[PDB]
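A.B. asks: Let me give you the structure first, and then I'll get to my questions.
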Amino acid sequence: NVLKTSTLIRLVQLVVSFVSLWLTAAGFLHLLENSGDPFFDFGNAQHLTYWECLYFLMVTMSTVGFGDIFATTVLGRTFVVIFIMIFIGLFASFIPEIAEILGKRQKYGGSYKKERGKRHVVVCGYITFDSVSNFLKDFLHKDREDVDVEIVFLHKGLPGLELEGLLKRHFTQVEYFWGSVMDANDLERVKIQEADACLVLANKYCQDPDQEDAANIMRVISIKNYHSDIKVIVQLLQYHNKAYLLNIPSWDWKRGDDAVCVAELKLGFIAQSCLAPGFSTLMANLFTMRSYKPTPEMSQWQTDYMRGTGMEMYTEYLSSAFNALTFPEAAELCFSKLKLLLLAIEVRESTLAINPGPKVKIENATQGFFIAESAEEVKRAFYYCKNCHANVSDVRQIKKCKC
Amino acid sequence: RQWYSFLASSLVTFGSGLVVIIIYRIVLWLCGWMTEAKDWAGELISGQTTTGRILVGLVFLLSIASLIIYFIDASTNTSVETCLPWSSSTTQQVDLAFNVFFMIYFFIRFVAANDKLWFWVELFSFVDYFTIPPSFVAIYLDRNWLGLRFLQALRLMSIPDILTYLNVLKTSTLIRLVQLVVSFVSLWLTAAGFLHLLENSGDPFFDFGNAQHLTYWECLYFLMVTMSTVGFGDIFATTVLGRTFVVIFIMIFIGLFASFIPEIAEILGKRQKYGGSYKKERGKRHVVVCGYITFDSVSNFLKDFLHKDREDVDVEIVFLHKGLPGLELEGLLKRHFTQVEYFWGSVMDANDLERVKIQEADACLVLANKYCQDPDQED
Ligand SMILES: [Ca+2]
Ligand SMILES: [Mg+2]
Ligand SMILES: [Mg+2]
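Next comes the structure, spelled out in structure tokens:
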């Protein structure tokens, strides 16, 4: 019971039937040419080796027909006519079917080899050249803090040629595996217990967003069934579908699980535009990584606008020089000296406070929230020193912890 | 005479590295800066750093240049082993310089690879074992072997990856074209080199007495003539290794040729016929026409719009539509060539509106499919 699989059964039946028919036909031609024609008293004969017959029958099976060797007995020639009618159909159907069978084996098999000190993130759901290129362009963007997270895509498809190119251009830090988060063996191959997080992307342009959310909820369930403590971040297309995953036993927003509901967020951003007319644009530009890049054909308003799009929102620890300032002094100080727009702080449980009044002091090691052009800018709030840096005129000199 | 020494250096280099790996695997089984080096080497060969783009560009040039040096040495030689002091043979000096570069690149790729055992069994690692150690033995003796170095033709198969690391293949059809052509050409060139080795060396079990002195170019021609199943038999293999190689080649390469030629004919057939833009004459009015364009709608339109009972006015008609015109419509467009022009495109694209210079037209006429399934959808 060793041929357990239908493709492997078909492979062995093809190869053995083809080889045995070729070998027996070569033996028959070898008999005919070496024995000669009986009705010519065996005088008409041609001493081929078996191997010359075997070669000649492959050269005629394939319709190459060199004629370096050929049959000359009448029984040889009549056998070659019969052979041509049968074996052209055999060769011309065998070679394609073997090429299909040997072409069927999966390219992106195998498993993630977890390095000694690199964090990794598993990414799945809607994986395509578009979703992956927009994802990687932001996730790996130069304006982020330098962190050596690896990305591990897990998806059922073979990647298309454009996506294979993109995976090769990021070879050092992006890896791809054929599989599904619905299979515990595939979750082990990507070592999901050792990942920081799993990110589940959605096809925003599908025929049915309830069907797409039902698919993504079952991925969340499969991940959480495999191990409860994985941080899962999932893109949802419909708000009412969120309740179904809040009710998963092992879903916990306090452990960092989250559902990015694009319907909730969309309507929230445009609703704030009813309160402040352009605010959906102000605010949506803060949540995508982008670097300002002039081009001389831009009008003044386009350059002003585009410089504003170079901004993102960053979190960083305020230096000890901020301790016991009010939030208003800390915000005046960040804006005026550091060129950083400080707008909120994590007050130590702990709670986010946005633009808090003079009653709130900066406590030691307070995390602040800044609008700035890059993570390299906000570091200045962490390195600022009231003795060493306080007289500096140009912000590029604020550096190196001021020790 | 001495070829088994050139072959031995490729085998002992392969084997000793494989042994060091296997005993290391056993020691680490019975019992940081390494990862920083691995990532740096990986970024370098992936062309991610600027020095990586230099190294990647050098691999492209020197892989082509090494192959051209093989064509010279394969063209201008008779016996496959040949006596020649290295201080005299200029091609054998540049061949050494390229083999030193490929040795440095081999050690970089080793550093970069995740599993050293599987790395030592990659196809390009064999291309390196069968070429670099022989090229050093070609200094230690005053002779050369035109041996397994035909495998340099496989280094061309790196080109689609270089043209991916350099981000120049931006389109999936163009990626597929370059992968098809380079894989086909490199497989044909390497197969011709293998047949050239076999026929000119002769059968070893017949003491090399059975041999046939083909040029590399005769092998290259003969393999195309058998790939295509033409099989003139003006040239044919006669060594037993030659004939057994031709049997193996026929089973593989008929499927390659018979799938390559159709797929290239599809790719080169895909390019748009009615591209380009309307060249606005110095004093002729024109009208842009779009929406439902077909032989029926165009023939009824032109028969009235150009009718002899109208006043003589030299308006040109410019059809803009997404379809390739059918054979009957191509005929009608040619019969009106002086005054009717057609462009592939859509009025939904501002670039197509510019191509037909719609700002300079009198009018745009938008026709409708009166016989559609849904007239609200058509409107
Ligand atoms: Ca930025
Ligand atoms: Mg890695
Ligand atoms: Mg004209």
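Protein chains in written order, with the entry's author numbering: chain B, 214 to 561, 567 to 621; chain A, 14 to 44, 79 to 426.
No residue lacks a Cβ here, since even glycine has one placed at the ideal position from N, Cα and C.
Is any beta-carbon of chain B found at less than 8 angstroms from that of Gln95/A?
C.D. replies: Cβ-Cβ to chain B under 8 angstroms: yes for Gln95/A.
A.B. asks: By a C-beta neighbour count over all protein chains shown, 10 Å radius and 16 as the cutoff for buried, is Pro251/B buried or exposed?
C.D. replies: By the 10 Å Cβ count, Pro251/B comes out exposed.
A.B. asks: Closer than 7 angstroms to a non-hydrogen atom of ligand 2 - does that hold for the CB of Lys404/B?
C.D. replies: No, the beta carbon of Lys404/B sits no closer than 7 angstroms to any heavy atom of ligand 2.
A.B. asks: Helix, strand or coil for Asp471/B? Go by DSSP, reduced to three states.
C.D. replies: Reduced to three states, the DSSP call for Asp471/B is strand.
A.B. asks: Compare the beta carbon distance of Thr584/B and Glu559/B with 8 angstroms and say whether it is the shorter of the two.
C.D. replies: Yes. Within cutoff.
A.B. asks: Mind pulling the beta strand (DSSP E) runs of 3 or more residues that sit fully within the stretch 284-346 of chain B?
C.D. replies: For the stretch 284-346 of chain B, whole beta strand (DSSP E) runs of length 3 or above, ordered along the chain, are 333-338.
A.B. asks: Where DSSP assigns a beta bridge to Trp464/B, which residues make up the other side?
C.D. replies: Answer is none; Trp464/B lacks a bridge partner.
A.B. asks: If you scan the stretch 117-154 of chain A from start to end, which runs of the beta strand (DSSP E) of 3 or more residues do you find wholly inside it?
C.D. replies: Whole beta strand (DSSP E) segments, 3+ residues: 128-130.
A.B. asks: So, under 8 angstroms CB-CB, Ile222/A and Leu374/B are touching, yes? Tell me the CB distance rounded to an integer number of Å.
C.D. replies: About 5 angstroms separates the two Cβ atoms, so the contact holds.
A.B. asks: Could you tell me if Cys266/B is buried or exposed, where buried requires 16 or more neighbouring beta carbons within 10 angstroms of its beta carbon?
C.D. replies: That one is buried.
A.B. asks: Within 10 angstroms of its Cβ, does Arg156/A collect 16 or more other Cβ (buried), or is it exposed?
C.D. replies: Result: buried.
A.B. asks: Ignore the nearest five residues each way along the sequence and tell me which others in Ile116/A's own chain have a CB closer than 8 angstroms to its CB.
C.D. replies: Excluding sequence neighbours, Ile116/A sits near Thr138, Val141, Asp142 and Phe145.
A.B. asks: Tell me the start and end of each unbroken alpha helix (DSSP H) in the stretch 354-406 of chain A that is at least 4 residues and wholly inside, in chain order.
C.D. replies: Runs of the alpha helix (DSSP H) inside the stretch 354-406 of chain A: 374-382 and 397-402.
A.B. asks: Kindly indicate the opening and closing residues of the beta strand (DSSP E) around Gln585/B.
C.D. replies: Looking at the DSSP string, the run of the beta strand (DSSP E) that includes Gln585/B is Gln585 to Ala590.
A.B. asks: Closest Cβ-Cβ distance between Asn161/A and chain B: below 8 angstroms?
C.D. replies: Closer than 8 angstroms: yes.
A.B. asks: What residues in the stretch 279-298 of chain B have a beta carbon less than 7 angstroms from any beta carbon of chain A?
C.D. replies: Flagged, chain order: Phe279, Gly280 and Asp281.
A.B. asks: Does any C-beta atom of chain A lie closer than 8 angstroms to the C-beta of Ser275/B?
C.D. replies: Yes, because at least one Cβ of chain A sits closer than 8 angstroms to the Cβ of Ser275/B.
A.B. asks: Can you list the residues of chain A that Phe384/B reaches, using a CB-CB cut of under 7 angstroms?
C.D. replies: Correct list: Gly89 and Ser93.
A.B. asks: For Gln448/B, which beta-bridge partners are listed by DSSP?
C.D. replies: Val473/B.
A.B. asks: Check each residue of the stretch 347-368 of chain B: if its Cβ is closer than 9 angstroms to any Cβ of chain A, include it; give the result in chain order.
C.D. replies: For the stretch 347-368 of chain B, which is checked against every Cβ of chain A, the residues closer than 9 angstroms are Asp361.
A.B. asks: Taking the alpha-carbon positions, what's the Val365/B to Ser435/B distance?
C.D. replies: Each residue's alpha carbon lies about 17 angstroms from the other.
A.B. asks: Can you name, in chain order, every residue of its own chain whose Cβ lies under 7 angstroms from the Cβ of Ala239/A, other than the five neighbours on each side?
C.D. replies: Excluding positions up to five away in sequence, the list reads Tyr263, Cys266, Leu267 and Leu270.
A.B. asks: Are the beta-carbon atoms of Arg196/A and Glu128/A separated by less than 8 angstroms?
C.D. replies: Not a contact, by the Cβ cut-off of 8 angstroms.
A.B. asks: Checking contacts by CB at 8 angstroms: is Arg223/A closer than that to chain B?
C.D. replies: Output row for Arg223/A: interface = yes.
A.B. asks: Keeping to the same chain, check which residues put their C-beta closer than 7 angstroms to that of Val158/A; ignore five residues upstream and five downstream.
C.D. replies: Only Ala84, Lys85 and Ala88 meet the Cβ criterion.
A.B. asks: Hey, does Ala312/B have any beta-carbon neighbour from chain A nearer than 8 angstroms?
C.D. replies: Chain A, which has a Cβ nearer than 8 angstroms to the Cβ of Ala312/B, makes this yes.
A.B. asks: Given a threshold of 16 other Cβ atoms within 10 Å of its Cβ, counted over all protein chains shown, does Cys130/A qualify as buried or as exposed?
C.D. replies: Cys130/A should be labelled exposed.
A.B. asks: Distance, Cα to Cα, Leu213/A vs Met519/B?
C.D. replies: Distance between the alpha carbons of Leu213/A and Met519/B is about 29 angstroms.
A.B. asks: Nearer than 7 angstroms: is that true of the beta carbon of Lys163/A relative to any heavy atom of ligand 2?
C.D. replies: For ligand 2, not one heavy atom lies less than 7 angstroms from the Cβ of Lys163/A.
A.B. asks: Would you mind telling me which residues of chain A sit closer than 7 angstroms to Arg329/B, beta carbon to beta carbon, in chain order?
C.D. replies: Per Cβ cutoff of 7 angstroms: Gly79 and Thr82.
A.B. asks: Whole angstroms are fine: how far does the CA of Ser486/B sit from the CA of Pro507/B?
C.D. replies: Their backbone Cα atoms lie some 28 angstroms apart in a straight line.
A.B. asks: What are the start and end residues of the alpha helix (DSSP H) that includes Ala88/A?
C.D. replies: Taken as a continuous stretch (DSSP letters only), the alpha helix (DSSP H) holding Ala88/A covers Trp80 to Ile92.
A.B. asks: Ordered along the chain, which non-local residues of its own chain (more than five positions away) have a Cβ less than 7 angstroms from that of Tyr389/A?
C.D. replies: Once the five neighbours on either side are set aside, the close Cβ partners of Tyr389/A are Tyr321, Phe366, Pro372 and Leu380.
A.B. asks: Could you tell me if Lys217/B is buried or exposed, where buried requires 16 or more neighbouring beta carbons within 10 angstroms of its beta carbon?
C.D. replies: So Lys217/B counts as exposed.
A.B. asks: Hey, would you say the C-beta of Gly523/B is under 7 angstroms away from at least one heavy atom of ligand 1?
C.D. replies: Yes, ligand 1 has a heavy atom inside 7 angstroms of this Cβ.
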